[PDB]
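Q: structure for this input, please:
(6 chains, ligands or ions: 8)
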Amino acid sequence: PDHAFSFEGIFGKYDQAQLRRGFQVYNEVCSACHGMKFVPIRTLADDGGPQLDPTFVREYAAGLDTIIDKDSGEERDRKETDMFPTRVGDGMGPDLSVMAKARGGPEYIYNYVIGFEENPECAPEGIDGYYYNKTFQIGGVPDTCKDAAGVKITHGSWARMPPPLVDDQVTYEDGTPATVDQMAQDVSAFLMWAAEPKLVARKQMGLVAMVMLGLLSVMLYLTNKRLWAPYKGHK
Amino acid sequence: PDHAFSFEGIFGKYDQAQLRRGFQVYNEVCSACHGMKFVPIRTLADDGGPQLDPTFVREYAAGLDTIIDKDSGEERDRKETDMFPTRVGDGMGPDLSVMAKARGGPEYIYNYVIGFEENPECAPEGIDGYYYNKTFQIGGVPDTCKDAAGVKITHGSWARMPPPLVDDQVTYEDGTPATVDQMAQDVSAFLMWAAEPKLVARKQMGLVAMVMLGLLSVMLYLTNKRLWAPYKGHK
Amino acid sequence: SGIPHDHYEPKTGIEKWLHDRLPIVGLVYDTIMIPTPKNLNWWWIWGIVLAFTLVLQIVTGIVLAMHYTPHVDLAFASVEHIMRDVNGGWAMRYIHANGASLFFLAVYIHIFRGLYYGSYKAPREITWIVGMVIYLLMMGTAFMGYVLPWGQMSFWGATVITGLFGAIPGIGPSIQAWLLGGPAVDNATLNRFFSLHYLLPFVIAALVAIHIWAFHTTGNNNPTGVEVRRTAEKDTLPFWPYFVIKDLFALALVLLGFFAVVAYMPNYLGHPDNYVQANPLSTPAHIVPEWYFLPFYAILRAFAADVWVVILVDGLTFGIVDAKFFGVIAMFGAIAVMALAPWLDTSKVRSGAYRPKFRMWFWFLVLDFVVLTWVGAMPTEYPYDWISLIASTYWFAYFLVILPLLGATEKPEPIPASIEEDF
Amino acid sequence: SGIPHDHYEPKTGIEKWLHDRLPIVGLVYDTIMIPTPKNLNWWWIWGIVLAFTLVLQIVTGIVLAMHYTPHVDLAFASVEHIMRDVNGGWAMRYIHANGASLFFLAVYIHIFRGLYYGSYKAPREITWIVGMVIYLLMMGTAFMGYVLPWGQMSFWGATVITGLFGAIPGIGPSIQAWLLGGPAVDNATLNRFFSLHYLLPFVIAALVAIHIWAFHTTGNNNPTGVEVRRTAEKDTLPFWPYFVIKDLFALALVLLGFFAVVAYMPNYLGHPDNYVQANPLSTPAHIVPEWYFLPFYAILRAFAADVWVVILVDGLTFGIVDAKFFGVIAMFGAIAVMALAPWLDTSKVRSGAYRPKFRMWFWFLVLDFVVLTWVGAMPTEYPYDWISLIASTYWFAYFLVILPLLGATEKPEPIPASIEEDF
Amino acid sequence: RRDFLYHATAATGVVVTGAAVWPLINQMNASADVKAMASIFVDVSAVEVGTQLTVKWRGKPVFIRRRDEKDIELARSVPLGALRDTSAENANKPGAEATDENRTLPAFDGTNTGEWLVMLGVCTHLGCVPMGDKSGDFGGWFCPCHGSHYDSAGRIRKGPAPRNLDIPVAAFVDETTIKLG
Amino acid sequence: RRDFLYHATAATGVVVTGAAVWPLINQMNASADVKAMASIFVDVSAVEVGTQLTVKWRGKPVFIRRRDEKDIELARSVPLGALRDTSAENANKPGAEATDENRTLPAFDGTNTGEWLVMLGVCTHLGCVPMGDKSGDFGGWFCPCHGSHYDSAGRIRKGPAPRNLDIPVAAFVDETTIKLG
Ligand code: HEC
Ligand code: HEC
Ligand code: HEC
Ligand code: HEC
Ligand code: HEC
Ligand code: HEC
Ligand code: FES
Ligand code: FES
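A: Numbers count the residues shown, from 1 in each chain, chains lettered A, B, ... in the order given. Ligands and ions are numbered 1, 2, ... in the order given. I have put the structure below:
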């Protein structure tokens, strides 16, 4: 049905293979236009998410663009301590660091990446340079598709992003059918990581605190029932 | 004698012709190596110092180096709202924004610029690439000039700055003998401006406050003498 | 009567040399063994909740300020530094952000408990005044604080809630510029807000000092229209340990729910658009400032000369009182009248548990509050305009006319004596 | 005796409805009409000076924080933004920076006034304890504050006065890292210090609250070893208006001198090297932290195993108590012993105006303080080492041994009766 | 005298207090670095006349939009009647009626007005940025903060916003430039 | 029971309080962004052997200075006696005696030690930066914060500083490079 993720609930600590797949997808597809400045590269070793091997992290970092410096202007080797690059303009898009919170979030990305079908039977010609999406709601609409008072008759609208993937864009090393849907789910989970890395710690803290406070509250209820006994016994 | 400046005292609001002369020298001599980032270009119209004509300020600004931008990387027109440029390295020196306070201050600059005489009769060969200054005290000294326990026998030491001026380096438009000493005094005053622009306001506030508080204190003394009278009259 | 029982410092030599600094005398005699009635329901706990929440917010803020950098170019980045690198991070931020929500929720129940059981009625005016002063301070605080992340909603909320001050004539733009540090919003506003936001809580604590001093000198309301009968008072058990433990039990429950939220539903009360950096060149849809200011936002954006009950066309008699100024006055009055209440209710009576008509009107008032909360988020298109106008009109009507009429003809009830209600 | 004269709230209806919140009762009965002796010299003013200076610092700081940006890359720039663009700028900064100097100068005279006229003697111990606590808080505050400009002296002063905590064994490096936010100094330290620096003053005010509560409950010391003779007390005029006006006159004079300084000699008490940005790679000569910490700096850097009176070679018996730790303990003890004084002076007597030997030793102590101040700035080369050792030894000797011996054999003086000294 | 001396001391204290307080209220005013508030040269430079052009200045956007005939005719067909603000807020001229002939813009150093219109993109209600690109119920701009409908020429309509979109002082630089200030 | 129940409630309250307090004391510890604390490759690259070379790392300077014969002979002529710290703080080897043979540095991937010496430019007293370029009363480094005289090889002398200048873990990169970390 709704294709719920793993983390959608009181449990679900970010199944990591899914995140490694999303990383294969993000660095080879989405990175061409998008960036994640709010994301340090070293986080690809921190627990909770992709617990990759540090050495591979340093390699992948040195293999990225050149972030010059802060003290002496000079194109450095881009050490992991720096942040992911930033694609800013000239046919590029926003930053995906926290896009999983600026919208139930990841379901938006899934049902957005999912859905770029051809132009409907109201404006088949479409638009030059703009492509159609069935779920983006903040895009333009031709006058042919609007109602009598400016509202659109289409489910979604026209987004400036092209279709990101075809039937079998990339291979998975673990062994898995790399259709469009699985890639969309995986990349959605990866972005949710990039936004909420400390999710599992959140849940564990919540459990511990609920327990301890229920205990404290029960003990206080007993103490209250006791103290207030000689005044609530005859009635 | 000590060649006291105008501002050296309870008065002396920064004789401005001196500062215009110091500016003629700073932009044509010292600017080649030094900078003043902590100094906006729009201060050359603010009262207290050189009350130059704004239009000349905009011209002189556009005639300087190119300070690119903060939002969109692109070499602009170096608008006055920006700050003076910065010469950083490769044969360059520190920033003179507040050098008049990081040392009685301006007298250091005067007696420093003043004094680059030839090497003394202890090490006439000197050093390659370093030149000698009578008053700088934080420079190296050859072993031939040090005493038995590392202390130098010279008044000053060897500074990395070359002699900045000759007998008649530049002309003054107002009409004045532009010898080295006058230029040194003028540029010292200009730097003191660049460091303490709000000097005259300081002095005027001090005067006003001294006066008002002396008045208040006198009135309170009278009130005290009165109240405490019937208890200090028999003795 | 009012037994203070100073303890006479008879314990031992330690309690006798403490005759230099009385402090323990104060605590014991007054702030612990303060006779409180037996008839207290579960609505007299929320003050402890508010005190604890205030302490919590102050602490978490003092911690955050060790990593927040007030500047347009480094605020968002510092917030992410917090939520990612720092050890506890997300906890402090979520506890700070949501705890504000609980704070205001708790003051709402604290205030409406008061309106019911005549806690504003004499001789308890000072407490009411101080409480309204506080409410104002804490609203201003939360506002200054929502700005610091320099998200997208921050900018525009600040923009509008500062254009308010500029609406008024003659001294509007001057105040606007003096408050923003300039013509529009920029880092200067951010610095002001951070400082101010890091200072008012202490003023609030002091005001809470006077708040607690007042209702210790003046007896706690009690469910009925009766006092502790000082003249020895078998009623009025002490505070410690009974009511302390009761309040702590309720507080444990509340914190349990609060942490469950923090850990499972933390981004629920927030606005996602506050997770995208600011663009002074693009405004998002449905700014929707927050949820503890929607009532007054609606009272403001209701009066627009778009109804047959539009008093703006009539207020235009004077060419100076335009619409904007009218809405601003309406909001300031919505609060000033709540403050003036104790001198409007012309009743020599007390808790509405013995005033039926008052019960009905009061529940209508609670409903009006909820409705205003729900309306400030919805557009100004029909029919919501009529709804907002009706609700604001009823608020003002209640607080101005309804209470006098009741105080006149509202005594068909047998008042209870003997605050010792052994039923 | 101890006439409070509550005023009975008999003024009028306003002073009768104020029976809800007592506040004016407190002010009048206690904090304004507090009977103070007639025998007060000009040394009992500096408390008013300290209160005013504290208010001044708090205000100026709240103003500066509207323009200061805590970050290594934008602190210096913000300070210059202040001293150049802002309207008042230089005034606030110079008044903030120098007022700290006056604050400490005034506490020095406040403290030494106390040591003379037996103000630490019973029954005034609590005031002394609270005062030492304050002194500590305000030292830490000024330290945290000297760092914010991110000049050159800031960095290195912080470096050393944090390496202190690391000197001790076992738990030194851990505390060092937990305090600096890391192995060495960086923006994290700056944020901590700013927050902390913007918070302690309020704790100080509260502690000043208790400071004022104590010596109102306990009578002000007086030049004589006598009390106000409570049993009606023709002596002991009230505070208002007499002593209020006297203190305000002295305060006007002091502010006059202070503003003359601010306007003519503002950069005199400062270190020029704090006007050059920081270089973690280059250290200047003669860091010379400040002038209100030189005594303890010298007591610290004196013990180095470089004198025949070097007790470090003897303390090396235990392999853990090295030199550094010894100096740190010596400083902490230099303060702890001053705090312990009231239980070391074994004299059933009071103000040294009737104890000659005490006068001589006390003036030697003042001289020792001045000498230590002058020595912390000069290198550790001969002869200054012997001087510092002698001075520290005398400080400890005074406070440990000298007072007992006096209390034993120090009563060749006729004590004065009748605090009404109509001479 | 008792009265004179006491009251005069009080007066002097009050005066000094006020002289000390004023700067604490003056520092929060616009500083000299904000005093600047100068001009900007935006180059129209063929941006495909008819859609829009926005540029930052003074901390607010300055809308430079070409004209689309349908937008024009809708403009020129608006009688002053039923027009909330008929003052033509544009400060490059007097309080002349809010007419499209005066309200569009100078004429490139030539003679024509129904082709360009540069106004301050700041809603007069409380300062929000209306959405452009043909929006609202009048084929112009729509403010999403409270719902104020602007018209083609920028005159306010259908909302709380009292007045139209102001027009700063601007002249042309000989057919490819705009001077804002 | 009275005692058991009351004391247990108190204990639970205390435990919860402590569990809530600990993080308020944990957040001030080094954060993950400070956890990194990794390496740096400094290239000697002919900097005129004999004067000095300083580089930033970990927030502290790392001194890389070539050797001057007079400096060397003064070093090699120091018996362990009269040497405050004889531990050879260098962490690239065991606690072997603070001898110049062990204390100078690895040998370029070759066989020689009396030519390079890279130590941590941080005074062990309280962390100041000593001045180099032949200074002090021993022809080495001088700390201006309190007056600590270092020797040629960096061993502490004539001051409060208890130990010499440590030596981080470093190896060579085949005759033109240094690896710090
Ligand atoms: C350029 C060829 C792109 C690549 C490849 C990807 N994206 Fe992108 N994206 C691009 C643009 C120009 C825009 C803006 C669209 C607009 O109409 O404004 C976007 C937008 C997105 C968004 C935001 C959608 C929204 O509601 O605002 C998302 C969530 C997004 N894109 C996701 C995404 C992913 C996961 C990609 C890799 C699989 C990816 N995009 C590639 C440009 C380009
Ligand atoms: C390069 C050709 C220079 C020009 C022209 C000027 N200065 Fe300079 N200056 C330069 C260097 C490389 C240094 C550093 C010297 C050192 O040994 O470190 C300096 C230094 C100064 C100083 C600081 C002196 C001190 O005590 O640290 C001052 C006050 C100074 N210079 C002044 C100055 C003036 C007024 C100039 C124009 C008349 C000027 N300098 C020109 C490099 C160069
Ligand atoms: C010691 C400092 C401090 C105190 C005290 C404090 N806060 Fe804050 N507050 C901050 C900081 C820092 C931020 C920005 C970081 C953040 O948003 O969590 C902030 C942000 C906020 C936010 C926005 C939260 C977000 O994430 O957008 C709100 C709402 C808020 N404060 C309300 C309050 C209220 C209400 C009080 C007390 C009455 C209070 N704060 C006490 C420091 C403090
Ligand atoms: C605008 C009104 C208002 C506000 C806001 C308010 N109070 Fe009260 N408070 C009252 C009134 C009325 C009473 C009843 C006093 C009485 O019964 O004598 C009261 C009572 C109390 C009590 C004792 C009885 C009780 O209800 O728990 C406490 C404790 C208390 N308040 C704390 C607080 C704190 C802490 C805050 C804010 C941080 C706060 N209050 C805000 C008006 C207010
Ligand atoms: C509300 C904030 C605030 C308060 C309260 C405050 N200060 Fe500061 N302080 C600052 C700021 C901001 C700076 C940095 C700007 C500066 O140096 O003037 C600073 C800097 C300092 C400095 C260094 C001055 C300089 O220019 O180098 C000292 C010393 C100092 N504070 C001491 C104190 C003491 C002592 C107190 C009270 C006991 C105090 N401050 C109260 C905000 C405050
Ligand atoms: C370490 C000691 C110490 C410190 C520091 C200290 N005090 Fe005092 N203070 C005393 C003592 C002792 C007395 C004498 C009390 C008495 O005579 O009963 C006193 C008395 C006073 C008095 C009343 C008589 C007088 O001397 O003026 C005031 C007011 C006062 N202090 C204010 C302050 C303030 C404000 C501060 C700090 C901001 C401060 N003090 C710091 C110890 C201290
Ligand atoms: S702000 Fe533009 S309409 Fe309300
Ligand atoms: S810090 Fe290096 S010797 Fe004191």
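Q: right, and the helix or strand after the longest helix along chain E?
A: Ranked by residue count and defined by DSSP state H, the top helix of chain E is helix E:2-26. For helix E:2-26, the following helix or strand on the C-terminal side (DSSP states H and E) is helix E:32-35.
Q: what's the local residue count around residue 86?
A: Reading this off chain A. Residue A:86: 15 surrounding residues under other CB atoms under 10 Å in any protein chain shown. For every residue, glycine as well, the C-beta is placed using N, CA and C.
Q: right idea, wrong chain: chain E
A: Counted with other CB under 10 Å, residue E:86 comes out at 17.
Q: and it, how close does it get to ligand 5?
A: 51 Å (CB to the nearest ligand atom, to the nearest Å).
Q: distance check, that residue against ligand 7.
A: 19 Å.
Q: what's around the residue nearest to that residue when sequence neighbours are not counted, how many residues?
A: Leaving aside its sequence neighbours, residue E:86 sits nearest to residue E:98 (CB to CB, 6 or more residues apart in numbering or on different chains; 4.5 Å). Using other CB under 10 Å, residue E:98 is surrounded by 23 other residues.
Q: OK, contacts around residue E:98?
A: E:80, E:83, E:85-89, E:153, E:155, E:164 (CB atoms under 8 Å, 6 or more residues apart in numbering or on different chains).
Q: quick check, nearest of the residues you listed to residue C:199?
A: Nearest to residue C:199 among the contacts of residue E:98 is residue E:89, at 39.9 Å by CB to CB.
Q: hmm, residue E:145 and residue C:160 touching each other?
A: Yes - counting by CB atoms under 8 Å, residue E:145 is a contact partner of residue C:160 at 6.4 Å.
Q: so for these two, which residue has more residues nearby?
A: Counted by other CB under 10 Å, residue C:160 and residue E:145 do not tie: residue E:145 has more neighbours, with 24 against 19.
Q: okay, now the residue nearest to that one when sequence neighbours are not counted: neighbour count?
A: Sequence neighbours aside, residue E:128 is the residue nearest to residue E:145 in space, at 3.9 Å (criterion: CB to CB, 6+ apart). By the measure other CB under 10 Å, the count of residues near residue E:128 is 22.
Q: confirm residue E:128 sits in a helix?
A: No - looking at residue E:128 with DSSP: H, G, I helix; E, B strand; the rest coil, it is coil, so not inside a helix.
Q: show me what contacts it?
A: Taking CB under 8 Å, 6+ apart as the test, what residue E:128 contacts is C:156, C:159-160, C:283, E:122, E:143-146.
Q: which of those are close to ligand 5?
A: Checking the contacts of residue E:128 against ligand 5 by CB under 6 Å from any ligand atom, not one of them is in range.
Q: in strands only, show me those.
A: residue E:143 (DSSP state E).
Q: out of the contacts of residue E:128, which end up buried?
A: C:156, C:159-160, C:283, E:122, E:143-146 (16 or more other CB atoms under 10 Å in any protein chain shown).
Q: just give me the closest of the residues you listed to residue C:417.
A: So of the buried ones among the contacts of residue E:128, ranked by how close each gets to residue C:417 (CB to CB), first place is residue C:160, at 53.4 Å.
Q: name the nearest residue to the closest one, sequence neighbours excluded.
A: residue E:126 (4.7 Å).
Q: let me see the contact set for that neighbour.
A: Counting by CB under 8 Å, 6+ apart, residue E:126 has contacts C:159-160, C:163-164, C:166-167, E:145-146.
Q: dihedrals phi and psi, it?
A: phi -140, psi 10 (degrees, to the nearest 10).
Q: what packs against the host helix or strand of residue E:179?
A: Using DSSP H and E, the secondary-structure element containing residue E:179 is strand E:178-180. Counting contacts by 3 or more CB pairs under 8 Å, 6 or more residues apart in numbering or on different chains; DSSP states H and E, strand E:178-180 packs against strand E:40-42, strand E:170-172.
Q: which bits of chain E sit near chain C?
A: Within chain E, the residues that sit near chain C (CB under 8 Å from any CB of the partner chain) are E:25, E:28-31, E:34, E:37, E:54, E:56, E:58-61, E:125-129, E:131, E:144-147, E:160, E:162.
Q: please enumerate the strands of chain A.
A: Using DSSP E, strands in chain A cover A:131-133, A:157-159.
Q: nearest to residue F:106, of the ones you listed?
A: strand A:157-159 (59.5 Å).
Q: show me what contacts the residue lying closest to residue C:86 once chain neighbours are set aside?
A: Excluding the flanking residues, the one nearest residue C:86 by CB to CB, 6+ apart is residue F:31, at 5.1 Å. For residue F:31, the contacting residues are C:81, C:85-87, D:181, D:188, by CB under 8 Å, 6+ apart.
Q: touching, residue A:125 and residue A:118? I think so.
A: No - counting by CB under 8 Å, residue A:125 does not reach residue A:118; the two are 11.3 Å apart.
Q: before we move on, the earlier item: how about the contacts of residue F:31 in TSV, adding neighbour count?
A: Converted to TSV, the contacts of residue F:31 look like this (neighbours: other CB atoms under 10 Å in any protein chain shown):
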residue	neighbour count
C:81	21
C:85	19
C:86	25
C:87	14
D:181	24
D:188	21
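Q: can you add secondary structure and distance to residue C:229 and give these back as a markdown table?
A: Converted to a markdown table, the contacts of residue F:31 look like this (DSSP: H, G, I helix; E, B strand; the rest coil; distance: CB to CB, whole Å):
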| residue | secondary structure | distance to residue C:229 |
| --- | --- | --- |
| C:81 | helix | 60 |
| C:85 | coil | 61 |
| C:86 | coil | 55 |
| C:87 | coil | 55 |
| D:181 | coil | 59 |
| D:188 | helix | 60 |
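Q: between those residues, which sits nearest chain B?
A: Relative to chain B, the closest of the contacts of residue F:31 is residue C:81; by CB to the nearest CB it sits at 21.5 Å.
Q: contacts only, for the closest residue to residue C:306 other than its chain neighbours.
A: Excluding the flanking residues, the one nearest residue C:306 by CB to CB, 6+ apart is residue C:385, at 5.8 Å. By CB under 8 Å, 6+ apart, the contact list for residue C:385 reads C:302, C:304, C:306-307.
Q: cool, residue E:155 as well?
A: E:78, E:83-86, E:98, E:103, E:164-165.
Q: how near is it to residue E:124?
A: 11 Å (CB to CB, to the nearest Å).
Q: quick check: domain ranges of chain A?
A: A:10-99+A:172-197, A:202-235 (automatic domain parsing).
Q: could the ones you listed be laid out in TSV, adding distance to chain C?
A: Shown next, in TSV, are the domains of chain A (distance: least, CB to the nearest CB, whole Å):
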stretch	distance to chain C
domain A:10-99+A:172-197	5
domain A:202-235	2
